[PDB]
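Novice: Got an experimental structure here, sequence first:
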Amino acid sequence: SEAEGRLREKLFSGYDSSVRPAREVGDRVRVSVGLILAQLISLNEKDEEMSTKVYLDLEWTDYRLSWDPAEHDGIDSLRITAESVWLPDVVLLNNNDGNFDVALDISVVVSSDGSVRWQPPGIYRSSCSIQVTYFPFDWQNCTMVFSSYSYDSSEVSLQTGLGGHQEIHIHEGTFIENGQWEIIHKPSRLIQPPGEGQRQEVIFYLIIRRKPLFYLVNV
Amino acid sequence: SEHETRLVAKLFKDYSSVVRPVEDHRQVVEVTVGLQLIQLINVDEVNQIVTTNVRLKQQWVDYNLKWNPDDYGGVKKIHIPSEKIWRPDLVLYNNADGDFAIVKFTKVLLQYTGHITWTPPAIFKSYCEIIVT
Amino acid sequence: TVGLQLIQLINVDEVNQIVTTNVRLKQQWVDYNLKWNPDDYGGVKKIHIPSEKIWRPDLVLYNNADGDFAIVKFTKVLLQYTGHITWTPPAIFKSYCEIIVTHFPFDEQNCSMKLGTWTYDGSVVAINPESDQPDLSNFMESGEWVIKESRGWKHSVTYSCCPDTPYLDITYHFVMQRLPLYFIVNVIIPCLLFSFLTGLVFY
Amino acid sequence: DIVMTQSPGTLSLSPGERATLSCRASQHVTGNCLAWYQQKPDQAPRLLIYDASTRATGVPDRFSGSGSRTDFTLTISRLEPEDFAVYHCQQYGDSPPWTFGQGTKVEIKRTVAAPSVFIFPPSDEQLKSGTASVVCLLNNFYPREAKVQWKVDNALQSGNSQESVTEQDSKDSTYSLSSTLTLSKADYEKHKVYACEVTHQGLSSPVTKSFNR
Amino acid sequence: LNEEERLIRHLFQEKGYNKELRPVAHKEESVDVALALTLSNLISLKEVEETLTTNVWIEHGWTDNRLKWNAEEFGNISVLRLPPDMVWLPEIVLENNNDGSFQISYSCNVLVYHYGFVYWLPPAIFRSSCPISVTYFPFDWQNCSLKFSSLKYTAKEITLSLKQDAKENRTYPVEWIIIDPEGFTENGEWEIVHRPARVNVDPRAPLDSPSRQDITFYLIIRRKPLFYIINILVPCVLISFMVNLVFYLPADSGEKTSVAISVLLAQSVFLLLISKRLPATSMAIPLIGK
Amino acid sequence: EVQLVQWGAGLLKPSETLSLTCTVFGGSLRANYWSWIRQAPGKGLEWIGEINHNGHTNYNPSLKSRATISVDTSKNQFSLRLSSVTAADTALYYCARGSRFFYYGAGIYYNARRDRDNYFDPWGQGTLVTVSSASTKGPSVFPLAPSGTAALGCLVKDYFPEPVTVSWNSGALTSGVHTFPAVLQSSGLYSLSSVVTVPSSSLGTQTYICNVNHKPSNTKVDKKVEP
Ligand SMILES: *[C@@H]1O[C@H](CO)[C@@H](O[C@@H]2O[C@H](CO)[C@@H](O[C@@H]3O[C@H](CO[C@H]4O[C@H](CO[C@H]5O[C@H](CO)[C@@H](O)[C@H](O)[C@@H]5O)[C@@H](O)[C@H](O[C@H]5O[C@H](CO)[C@@H](O)[C@H](O)[C@@H]5O)[C@@H]4O)[C@@H](O)[C@H](O[C@H]4O[C@H](CO)[C@@H](O)[C@H](O)[C@@H]4O)[C@@H]3O)[C@H](O)[C@H]2NC(C)=O)[C@H](O)[C@H]1NC(C)=O
Ligand SMILES: *[C@@H]1O[C@H](CO)[C@@H](O[C@@H]2O[C@H](CO)[C@@H](O)[C@H](O)[C@H]2NC(C)=O)[C@H](O)[C@H]1NC(C)=O
Ligand SMILES: CC(C)CCC[C@@H](C)[C@H]1CC[C@H]2[C@@H]3CC=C4C[C@@H](O)CC[C@]4(C)[C@H]3CC[C@]12C
Ligand SMILES: *[C@H]1O[C@H](CO)[C@@H](O)[C@H](O)[C@H]1NC(C)=O
């Protein structure tokens, strides 16, 4: 860990985590955005909001955090507390409760070439306009819109995480299936701005069908 | 960005967020305020409280946060944390059971001319007289 | 020295068996390195210091149900020139209490709060009660319960493995009596009326 | 499970010189948990270094440990007469079983010296009991490497001799060696000439000592 | 405490302790972290929300060789109490929470012994997801889990294991949730039947993933159905059986269909009562619902 | 100052059970692990096994089936039993103090663990163990007759068990004496020679007698060696 300490001291001398990494003026930071659904907690029809537990998957490159492994005892990656590095201010725009941020900052994985991977957990309450016409035999289209809150498309460019399926990742073994909802489709899409202040978005869509057995028995 | 790192170091070397950001104390800080209503979350008639999702766009000029872009490789606009600078202390007078002021301190966009645009989000739980007639 | 002041009995939850109370947790101890001579400082005999700046006992409610385990309101301490420190933080204690519902709504409960230094044993930090009873001088009247009795006991446990290391706690127990008028009026009387109406069919 | 190999095997060095002993692990030694021990003749091993760099109590400053991972080194800056012993390495960082190296002996180096060779026929007293031992002595030589061959009527023997070697002398610091050829009395009488031939780097050519029975 | 002050200054100031680095000689080494769980009390299991609320104490044990000292040189000090924010920690969190509270509640002091062993017993109130099987309600049993892992460290950096008891001539791992017979008292509605603990390792997951390793503590709990029996099932069953009396009522009474439809209304009221107590799930019809 | 004192019978016959005991002075068995280590002649150190005061044992996989290590805390002793010994078990056996063992916690959290410092700083004096089917026997002593320095000596042949002592001229002659390490023959008996170099001019004038002693047979021989 002494070699790791030396590398950490070298990397963060003169490093400003509040400054976006752009080697030249006009350079854009590509941020790949993906999502893993750990649990579809609920879809509250009264409040019209979907509660989910997820892991984001954000990937970018920071040229300032590069090094030669041969000069640092063969160390080719690092785990660093997320607050110590620049982060893209990617938030859930369509949150319903007022919480924009991730549940826990945890750590980033920084490779020797400057690649940064961040997989923070998140408990999100997103607004979902309920289509009530065919309730309880209905299906819903609940979206999760992720975007930078501050940086515009000229500074931070977004792309769907893949490496390539444009979908929400669900682990077949560990996923907590909801007893009232079946996931039909789970795509993701990059939305360009119309036509600076213009901003791209990455929307993860959950098309879900209610399982109405309860209402068949009790009503 | 080495240029932006140097600029950010220079701007906050001798900066004070306490005093109003004017060259002369007899000047008035001009703040442009705009309210964007994103969502009408709830209208609780029993307790007479309206919950809304809003963005509170505030624009002003900080005299001391200026730079020549030619001295910093052509950097013309930056994003900085809002907690480091003087801000106007907007408060919702008729707050019922929410926050009086902004609590979500998002970044400000700062131009080289000193123009600041800060667009924080908020959940306004305001008090409304509900006529039930 | 540890003393408990019960300000209010906020609620008794018989379902989850939780008693929520508002308390002040008076703690007194001497700090050896925080002494001074007042004559050298203009006669200043006492000062007020943030509690986060000094060592404190790590008192924990051992029988916490679902609230806070330790003090979270770090109010200022009163420090005397002799090094004596008085710290009286407020807290809301949510403590487990085994609720016996046999005689409900005419039941009597015995709810306790066990307090101790979490990480220090009796050979490094010793706790003593301030008084034999909780301080009830500033207790707000409850519209649902009457506190019949209250008493604080210090306990010291030595395990056979470690005969030189006592583990200490102070347990404050409250024997409380429910006021049954609400259940008498709202529940018992209607049931009695239905029971009386049951027999009228036979006439 | 972890095999430890000490590389030098034998280190012939003069007093006042610098000694470097190597220990190699077949697997990563966790936490640099390596110990170095010294063992003099007719004595138990004595702990010299532990944790790969930390001197034990009463260990002079001349001994120093270094290295990591799978390569470890013990360095003696200035060699004294009391430092000529057998040195062992041991690993203790990866749960039992605890394993040692095979050991590395540090010998004293002196001017190359040739053996003086002597041959001894069996005594009449031994022949009376039915056996014959023929003894070849190589006296006061250095270095230790030497070869002895037995010839019986110019026919090379094999399998019927045993060697013994002394330690290095306390003063001259040299070695002596005996080779003993054992034959039945009946076989001994079947031949005339008994010879031992000795090769050593201090000899310009092999030396033979012989007798006629 | 001249000696404790001197020892802390020696360990942290003089030797330059860095809590951001793991306690290893080389980066490729992993830190052994032993975990055990003590169930102080099972607060509740909410069926509609499918959430288990527990009070647990998480016993952590690991080794930090940078925090080693020879006790005789420091007044025979053998153990130190230190704030957890001064030392490196293994960032163990509850993975399967459903409220966003991943971490322990009270960050108590660490006990650091002179041989480098770090002992840490933080308590926590956890709210975890527990999907509910309503098939035999109110005679149902549930299977809840508490999955502990690290998101800041992977299997490459820390190796999670269960507490190893070594007080006897044979060591063994503690493969159950610890329940103190003196400090524990059963939940009013749930009785613990089994309480195992397991180290789960995913063979397919990569070593550098946080999902490679976890330690899971399970609670098999049986509902105590006396409340539901007394207050729902006996009235409902008796009222339903009461409808058979109409066949013994003469047709001249003019009160048969009134009795029958009133029984139906009472059953409807009972269904209204029960609809508010269970989740609206589709795996099965509850026994009371059946 | 911890001291380890070993005892036990070093002379055993094939298929028997070696039994050794190590006693600790100046310290208790509670604080440490305690190990047995064997060193064969011309071979590296080999760890046999270890035990703590609770009786928890670890063994070398190559000796686990035959080695049993026990502890007795009342006498502050620990013992090794090696079953079915062969000639391959002839070695110098040591007892030594291993890693520190510590207790921590209280109540249900009371536990113990070992430190990661299993190096052997204190050692026992060592016990030589020889496994032979041979029987106590005394040597025959034969002259190695001298043929400007001469060599002469004595051949000390066919004895058991070690050791023999050899002196010259009742200890008055020490300069130039070499007494060789014994060799074990296939018969199972030991042989050695002792030699001395002397001026060839002294061969007529000076008497040379080798004094051989083998205590197990009370062999005492004074052999005059002459040309
Ligand atoms: C509602 O519920 C609460 C419980 O939550 C209940 O509270 C109990 O109240 C009773 C009183 O009615 C308490 O009983 C008393 O406890 C006193 C304190 O006991 C502790 O301290 C003792 C003193 O320790 C010091 O001195 C001893 C030598 O004397 C020394 O060895 C120690 O090291 C130390 O210096 C200690 O001896 C005692 O230990 C006993 O108990 C423990 C626990 O059972 C046991 O493990 C030990 O082996 C030993 O037996 C303990 O640590 C105590 O002083 C007091 O004694 C008086 O009464 C007894 C009556 O038998 C006389 O014999 C004695 O001479 C004294 O006159 C008495 O025992 C009880 O402890 C409370 N429980 C708790 C947990 O707080 C309420 O009563 C309930 N209310 C209702 C139902 O109305
Ligand atoms: C370790 O201790 C256990 C418990 O004493 C030993 O197991 C017992 O051994 C005796 C032999 O005399 C049996 O009679 C018992 O039935 C065993 N079990 C119990 C529960 O006592 C075990 O043999 C010990 N191990 C060693 C190698 O000494
Ligand atoms: C007509 C009478 C019997 C009233 C109707 C009783 C009905 C509701 C039945 C259905 C399931 C039954 C319960 C199932 C299991 C047991 C066994 C034992 O633990 C005591 C009784 C108890 C708890 C039963 C009590 C009666 C019970 C609740
Ligand atoms: C530690 O050091 C002190 C002072 O030398 C000594 O009195 C004491 O016996 C030692 N051991 C213990 C366990 O206190």
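Specialist: Thanks, I have the structure now. Numbering: from 1, shown residues only, chains lettered A, B, ... in the order given. Ligands and ions are numbered 1, 2, ... in the order given.

Novice: For residue D:30, give me the backbone phi and psi.
Specialist: phi -70, psi 130 (degrees, to the nearest 10).

Novice: from memory it sits against residue D:94, does it?
Specialist: Yes. Counting by C-beta atoms under 8 Å, residue D:30 does reach residue D:94; the two are 5.1 Å apart. For every residue, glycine as well, the C-beta is placed using N, CA and C.

Novice: mind listing the helices for chain A?
Specialist: Counting by DSSP state H, chain A has helices at residues A:2-11, A:213-218.

Novice: any chance of these in a markdown table, with distance to chain E and mean neighbour count too?
Specialist: Compiled in a markdown table, the helices of chain A are given as follows (distance: least, C-beta to the nearest C-beta, whole Å; neighbours: other C-beta atoms under 10 Å in any protein chain shown):
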| stretch | distance to chain E | mean neighbour count |
| --- | --- | --- |
| helix A:2-11 | 5 | 15 |
| helix A:213-218 | 4 | 16 |
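
Novice: closest one to residue A:117 among the ones you listed?
Specialist: helix A:2-11 (16.1 Å; C-beta to C-beta).

Novice: So what touches the closest one?
Specialist: A:64-65, A:67, A:72-73, A:75, A:78, A:80, E:18, E:20-21, E:26-27 (C-beta atoms under 8 Å, 6 or more residues apart in numbering or on different chains).

Novice: any idea how far that helix is from the chain center?
Specialist: 29 Å (C-alpha atoms, centre = their mean, to the nearest Å).

Novice: could I get the helices of chain A as JSON lines with distance to residue B:33?
Specialist: As requested, the helices of chain A are exported to JSON lines (distance: least, C-beta to C-beta, whole Å):
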{"stretch": "helix A:2-11", "distance to residue B:33": "42"}
{"stretch": "helix A:213-218", "distance to residue B:33": "48"}
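
Novice: For ligand 1, which of these is the nearest?
Specialist: helix A:213-218 (44.8 Å; C-beta to the nearest ligand atom).

Novice: Find the nearest non-adjacent residue to the residue most central in space within chain B, please.
Specialist: With distances taken as C-alpha atoms, centre = their mean, the residue of chain B nearest its centroid is residue B:118 (3.8 Å). Nearest residue to residue B:118, sequence neighbours excluded (C-beta to C-beta, 6 or more residues apart in numbering or on different chains): residue B:108, at 4.3 Å.

Novice: Contact residues of chain E facing chain F?
Specialist: Applying C-beta under 8 Å from any C-beta of the partner chain, we find that chain E lies next to chain F at E:38, E:59, E:61, E:63, E:65, E:111, E:113, E:115-117, E:119, E:121, E:163-171, E:178, E:180.

Novice: Which of the residues you listed fall in strands?
Specialist: E:38, E:59, E:61, E:63, E:65, E:111, E:113, E:115-117, E:119, E:164-165 (DSSP state E).

Novice: What residues does residue A:186 make contact with?
Specialist: Contacts of residue A:186 (C-beta under 8 Å, 6+ apart): A:37, A:167-168, A:170, A:204-207.

Novice: possible to save these as JSON lines with neighbour count and distance to residue D:56?
Specialist: Converted to JSON lines, those look like this (neighbours: other C-beta atoms under 10 Å in any protein chain shown; distance: C-beta to C-beta, whole Å):
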{"residue": "A:37", "neighbour count": "20", "distance to residue D:56": "58"}
{"residue": "A:167", "neighbour count": "17", "distance to residue D:56": "62"}
{"residue": "A:168", "neighbour count": "20", "distance to residue D:56": "61"}
{"residue": "A:170", "neighbour count": "15", "distance to residue D:56": "59"}
{"residue": "A:204", "neighbour count": "25", "distance to residue D:56": "63"}
{"residue": "A:205", "neighbour count": "17", "distance to residue D:56": "68"}
{"residue": "A:206", "neighbour count": "24", "distance to residue D:56": "66"}
{"residue": "A:207", "neighbour count": "15", "distance to residue D:56": "71"}
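
Novice: if you look at those residues, which of them are in strands?
Specialist: Filtering the contacts of residue A:186 for strands - DSSP E - leaves A:37, A:204-207.

Novice: and the residues you listed near chain F, which?
Specialist: Counting by C-beta under 8 Å from any C-beta, no member of the ones in strands among the contacts of residue A:186 is near chain F.

Novice: Grab the longest strand from chain A for me.
Specialist: Per DSSP E, chain A has its longest strand at strand A:49-66.

Novice: Where is the longest helix in chain C?
Specialist: helix C:189-199.

Novice: Let me know whether that one sits next to chain E.
Specialist: No. Helix C:189-199 does not reach chain E (C-beta under 8 Å from any C-beta); its nearest approach is 13.0 Å.

Novice: Equivalent analysis for stretch C:80-93, please.
Specialist: No. If you take C-beta under 8 Å from any C-beta as the test, stretch C:80-93 misses chain E, and the best it gets is 12.7 Å.

Novice: okay, now the residue nearest to residue B:118: neighbour count?
Specialist: Using other C-beta atoms under 10 Å in any protein chain shown, residue B:108 is surrounded by 25 other residues.

Novice: give me phi/psi at it?
Specialist: phi -100, psi 140.

Novice: Cool, thanks, talk later.
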